[PDB]
Chemist: 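Structure provided below as structure tokens; questions to follow.
Hydrogens, waters and symmetry mates play no part in the numbers below; they use all other heavy atoms, side chains included. Residue indices begin at 1 and follow the sequence shown.
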Amino acid sequence: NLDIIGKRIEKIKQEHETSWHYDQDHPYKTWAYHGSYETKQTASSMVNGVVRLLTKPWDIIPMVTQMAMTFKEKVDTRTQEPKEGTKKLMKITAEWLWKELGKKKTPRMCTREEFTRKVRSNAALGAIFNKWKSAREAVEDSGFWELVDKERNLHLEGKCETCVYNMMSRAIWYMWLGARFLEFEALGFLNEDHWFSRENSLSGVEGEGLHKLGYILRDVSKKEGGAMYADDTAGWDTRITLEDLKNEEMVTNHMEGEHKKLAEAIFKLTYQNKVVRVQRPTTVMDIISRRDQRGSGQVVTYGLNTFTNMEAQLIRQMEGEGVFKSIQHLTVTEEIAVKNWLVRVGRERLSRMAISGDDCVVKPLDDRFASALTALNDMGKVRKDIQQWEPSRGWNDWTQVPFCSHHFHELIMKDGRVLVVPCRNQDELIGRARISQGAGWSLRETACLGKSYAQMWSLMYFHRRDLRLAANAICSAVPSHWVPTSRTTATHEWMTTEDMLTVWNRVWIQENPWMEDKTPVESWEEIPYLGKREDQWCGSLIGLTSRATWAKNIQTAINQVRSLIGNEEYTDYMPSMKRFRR
Ligand SMILES: [Cl-]
Ligand SMILES: [Zn+2]
Ligand SMILES: [Zn+2]
């Protein structure tokens with residue numbers, strides 16, 4: 001307890017000795033409270049004018065317009081200790097899974113060089129602003145690396161001084177860039193060396209890309225077995241137990257030397273013991289601590305969530321198949337049955353899943369899985385929007401299954417070849433592209449962000465009539481050579497100044513392992529749309545008077561945006577579409 005967290009607490013107290021006070025009206029029940037001190041400060045969603053002026057029909061659609069306007073009662077909850085049988089199942093499964101993921105991979109430290117190159121290319125490292133201004137500045141100053149060095153040698157000694165979280169159905173725990181570096185040095189290998197690629201992990205989809213996910217779900221659908229289950233957990237990060245954090249820490253059993261010691265310190269000192277500062281308007285700063293729940297950098301969070309979800313879903317599969325009778329206690333012979341199941345069919349059972357952090361799709365051996373709930377509930381992974389003991393409802397058609405905020409369509413090209421394409425309600429797509437984050441955007445930077453959205457729509461959502469037209473309009477309205485940008489960067493093949501038809505051919509034909517015929521497409525007119533009724537079902541405005549007037553008059557909208565940006569070199573992409581081709 002305070003032997004591991006006291007030093008961080010001590011150090012903060014001293015910096016605010018003028019304001020330290022144990023507030024008696026503290027709201028915390030499940031977090032340990034330590035003290036408060038004096039502060040005063042707040043990041044709203046800003047509208048992208050380039051995208052909004054080229055999507056006029058959506059100006060009167062509240063599902064779009066409300067997205068730009070405007071659970072900490074879930075962070076302050078507790079999870080009970082799992083039963084002895086559950087703890088045994090989790091430990092056996094986690095031991096087996098780290099070994100499988102480690103068969104073709106070697107754990108290793110990530111470098112100052114790799115970290116530096118990440119900060120110098122706008123990767124979201126979830127850091128806090130104060131001695132240096134930006135991350136770019138800290139990394140180019142040797143004083144920083146000496147602070148890093150002091151902490152590093154403290155971690156080798158099994159102690160922590162400066163690794164403190166700042167809190168802000170979501171929750172982002174920002175840390176100072178130094179604490180983020182030390183996390184990346186020790187555990188960055190999971191992401192940098194693709195431990196959760198589908199080739200390496202069989203259930204994972206890390207690095208796969210939205211153009212691959214539908215093909216992966218269709219391949220799972222080809223297995224013999226029951227319905228496809230896609231159960232969402234209520235507040236996954238808040239249901240990570242101390243037992244889960246101890247099973248995740250077993251990755252260190254595969255390490256050696258300095259690396260082993262630096263990783264053991266991240267898990268012990270920052271994950272299994274956390275120090276957090278939170279803004280309360282009563283504005284003060286609260287210093288609180290706890291042992292359990294997920295609070296890591298977003299990229300390490302993704303890999304450990306994927307690990308623990310793979311573990312939880314294999315155990316749910318074991319329960320459905322009758323491998324064990326009760327979570328109260330595993331007999332010695334059930335332990336051997338469980339290990340033997342993993343060796344015999346574990347890899348096949350992983351291939352029945354698609355798992356992206358807390359998001360899963362599972363095609364079990366049969367539908368006993370639907371009512372196999374004792375281990376899942378006792379591990380704390382309680383299903384969202386269903387009563388605790390009500391059997392899961394599965395999907396009978398892979399094209400209906402939700403995954404990574406999408407569903408997937410099978411789309412047949414005029415030439416017979418089959419595309420499996422990503423989709424979601426079109427109001428969500430248009431409303432997101434109309435929003436920016438942060439201050440000081442120039443008109444050029446705003447245009448280049450609109451171009452990023454447009455090129456994403458051309459590559460992923462070309463099959464939606466309204467998005468192909470709006471993408472062509474935005475690309476016509478932004479100078480042809482201006483480079484697409486994002487401040488907050490999976491595979492992003494639309495982030496390029498290469499011709500989008502060339503990129504479409506590379507992604508959907510040349511490099512697509514599910515497309516046997518590699519004949520290139522010569523024009524956008526060869527690339528199909530959803531059926532008109534299906535496009536409407538998925539939120540198209542095709543058929544509305546507002547949409548018809550927008551489509552007819554699109555050159556007027558394009559010319560409005562060109563007049564604002566000024567006298568630049570532009571390309572007309574509208575004649576790539578049959579209706580503007582004379
Ligand atoms: Cl269905
Ligand atoms: Zn530390
Ligand atoms: Zn759809």
Side-chain angles (χ1 to χ4, degrees), residues 63-64 67 196-198 203-222 228 230 232 302 353-361 363 395 397-413 417-433 452-472 474 484 486 489-496 500-501 503-515 521 524 526-540 542:
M63 291 292 318
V64 167
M67 293 190 36
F196 297 103
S197 74
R198 199 156 189 83
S203 303
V205 294
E206 190 277 318
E208 293 309 313
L210 190 58
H211 56 293
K212 302 255 275 219
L213 298 185
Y215 287 111
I216 291 166
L217 292 187
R218 182 183 70 170
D219 276 351
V220 170
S221 85
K222 285 170 180 179
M228 298 182 69
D232 276 349
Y302 172 83
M353 310 196 287
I355 301 185
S356 191
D358 66 355
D359 202 2
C360 62
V361 177
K363 188 163 176 174
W395 301 89
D397 172 2
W398 67 269
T399 66
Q400 311 299 296
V401 171
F403 186 52
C404 294
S405 311
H406 289 75
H407 56 278
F408 304 82
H409 292 262
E410 213 172 31
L411 173 58
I412 296 165
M413 297 178 70
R417 295 181 286 185
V418 181
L419 298 167
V420 178
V421 301
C423 193
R424 62 193 289 184
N425 179 274
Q426 191 181 263
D427 292 343
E428 301 174 10
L429 296 167
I430 292 178
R432 300 161 87 75
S452 300
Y453 276 101
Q455 296 196 159
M456 179 180 79
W457 292 349
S458 303
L459 192 62
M460 298 297 106
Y461 307 120
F462 49 89
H463 52 89
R464 310 305 308 284
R465 292 166 175 71
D466 296 348
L467 301 186
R468 195 190 302 196
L469 196 161
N472 284 329
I474 293 164
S486 201
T489 67
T491 88
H492 285 203
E493 277 90 348
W494 60 87
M495 296 299 291
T496 180
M500 282 305 92
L501 187 63
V503 179
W504 189 104
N505 269 301
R506 183 181 298 128
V507 166
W508 290 104
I509 306 303
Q510 178 199 132
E511 301 187 341
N512 181 352
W514 295 273
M515 191 62 81
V521 155
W524 284 98
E526 286 185 57
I527 299 170
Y529 298 104
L530 298 187
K532 183 171 126 152
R533 190 182 301 282
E534 304 179 294
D535 205 351
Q536 293 171 337
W537 286 339
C538 288
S540 188
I542 193 74

Chemist: Side chain of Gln536, backbone of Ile542: donor and acceptor closer than 3.5 Å?
Modeler: yes
Chemist: Dump the intermediate steps for side chain to side chain contact (heavy atoms under 4.5 Å, CB included) on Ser405 and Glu428, then the final yes or no.
Modeler: CA-CA 10 Å; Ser405 311; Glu428 301 174 10; 5.6 Å; no
Chemist: Report yes or no: does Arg198 contribute a side-chain atom to a donor-acceptor pair with the main-chain N or O of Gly207 at less than 3.5 Å?
Modeler: no
Chemist: For the NE2 atom of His407 and the CG atom of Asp397, what is their distance to the nearest 0.5 Å?
Modeler: 11.0 Å
Chemist: Around atom CZ of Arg432, are there more than 12 heavy atoms from other residues, nucleotides or ligands closer than 6.0 Å?
Modeler: no
Chemist: So which atom in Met228 and which in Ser221 form the shortest heavy-atom distance, rounded to 0.1 Å?
Modeler: SD-CB, 3.9 Å
Chemist: For the residue pair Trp508 and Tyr215, categorise the inter-ring angle as parallel (less than 30°), tilted (30 to 60°) or perpendicular (more than 60°).
Modeler: tilted
Chemist: Rounded to the nearest 0.5 Å, what's the gap from OH on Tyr302 to CD on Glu206? Could you check?
Modeler: 6.5 Å
Chemist: Does any non-hydrogen side-chain atom of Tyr461 lie less than 4.5 Å from one of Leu210?
Modeler: yes
Chemist: Enter the distance from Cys404:SG to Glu208:CD here, rounded to the nearest 0.5 Å.
Modeler: 11.0 Å
Chemist: Out of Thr491, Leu459, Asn512, which one pairs with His211 under the side-chain contact (heavy atoms from CB on, under 4.5 Å) rule?
Modeler: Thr491
Chemist: Could you tell me if the side chain of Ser486 sits less than 4.5 Å from the side chain of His492, heavy atoms only?
Modeler: no
Chemist: Can you tell which of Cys360, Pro422, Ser356 makes a side-chain contact (heavy atoms from CB on, under 4.5 Å) with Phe403?
Modeler: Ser356
Chemist: For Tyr529, does the six-membered ring have the charged nitrogen or CZ of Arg468 within the cation-pi criterion, i.e. under 6.0 angstrom from the centroid and within 45° of the normal?
Modeler: yes
Chemist: Step by step, work out the side chain to side chain contact (heavy atoms under 4.5 Å, CB included) result for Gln510 and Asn505.
Modeler: CA-CA 6 Å; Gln510 178 199 132; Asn505 269 301; over 6 Å; no
Chemist: Kindly give the heavy-atom pair with the smallest separation between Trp457 and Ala433, and that separation in Å.
Modeler: CZ2-CB, 3.4 Å
Chemist: For the atom pair CG (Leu411) and CD1 (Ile527), what is the distance rounded to the nearest 0.5 Å?
Modeler: 10.5 Å
Chemist: Quick one, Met63 and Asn425 - any side-chain contact, counting heavy atoms below 4.5 Å?
Modeler: no
Chemist: Once rounded to the nearest 0.5 Å, what's the spacing between atom CG of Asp359 and atom NE2 of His406?
Modeler: 11.5 Å
Chemist: Write down the atom of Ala471, the atom of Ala454, and the distance for their closest heavy-atom approach.
Modeler: CB-O, 3.3 Å
Chemist: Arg464 side chain to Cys423 main-chain N or O, any donor-acceptor pair under 3.5 Å?
Modeler: no
Chemist: Can you tell me which residue among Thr399, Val421, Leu213 is in a side-chain contact (heavy atoms from CB on, under 4.5 Å) with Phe408?
Modeler: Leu213
Chemist: One pair to check against salt bridge (charged side-chain N to carboxylate O under 4.0 Å, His left out): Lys222 and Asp219. What are the steps and the verdict?
Modeler: CA-CA 5 Å; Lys222 285 170 180 179; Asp219 276 351; 3.3 Å; yes
Chemist: List the steps and the verdict of side chain to side chain contact (heavy atoms under 4.5 Å, CB included) for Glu410 and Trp398.
Modeler: CA-CA 10 Å; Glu410 213 172 31; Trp398 67 269; 3.9 Å; yes
Chemist: Please check: side-chain N/O of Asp466 versus main-chain N/O of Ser540, any donor-acceptor pairing under 3.5 Å?
Modeler: no
Chemist: Between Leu467 and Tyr453, does a side chain to side chain contact (heavy atoms under 4.5 Å, CB included) hold up when you go through it step by step?
Modeler: CA-CA 10 Å; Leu467 301 186; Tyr453 276 101; over 6 Å; no
Chemist: If you look at every heavy atom in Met67 and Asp427, which pair is closest and at what distance?
Modeler: SD-O, 4.0 Å
Chemist: Please determine whether salt bridge (charged side-chain N to carboxylate O under 4.0 Å, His left out) holds for the pair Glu493 and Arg506, giving the CA-CA distance in whole Å, both sets of side-chain angles, and the decisive distance to 0.1 Å.
Modeler: CA-CA 10 Å; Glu493 277 90 348; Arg506 183 181 298 128; over 6 Å; no
Chemist: Distance from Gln455 atom CD to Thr496 atom OG1, nearest 0.5 Å?
Modeler: 7.0 Å
Chemist: Tell me the closest heavy-atom pair linking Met413 and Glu526, and the distance in Å.
Modeler: CE-O, 3.8 Å
Chemist: To check you understand the geometry: which heavy-atom pair defines the closest contact between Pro402 and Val361, and what is its length?
Modeler: O-CG2, 3.9 Å
Chemist: Just so I know, are the side chains of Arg218 and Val418 near enough to count as touching, which here means a heavy-atom distance under 4.5 Å?
Modeler: yes
Chemist: Contact between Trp524 and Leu501 at the side-chain level, heavy atoms closer than 4.5 Å - yes or no?
Modeler: yes
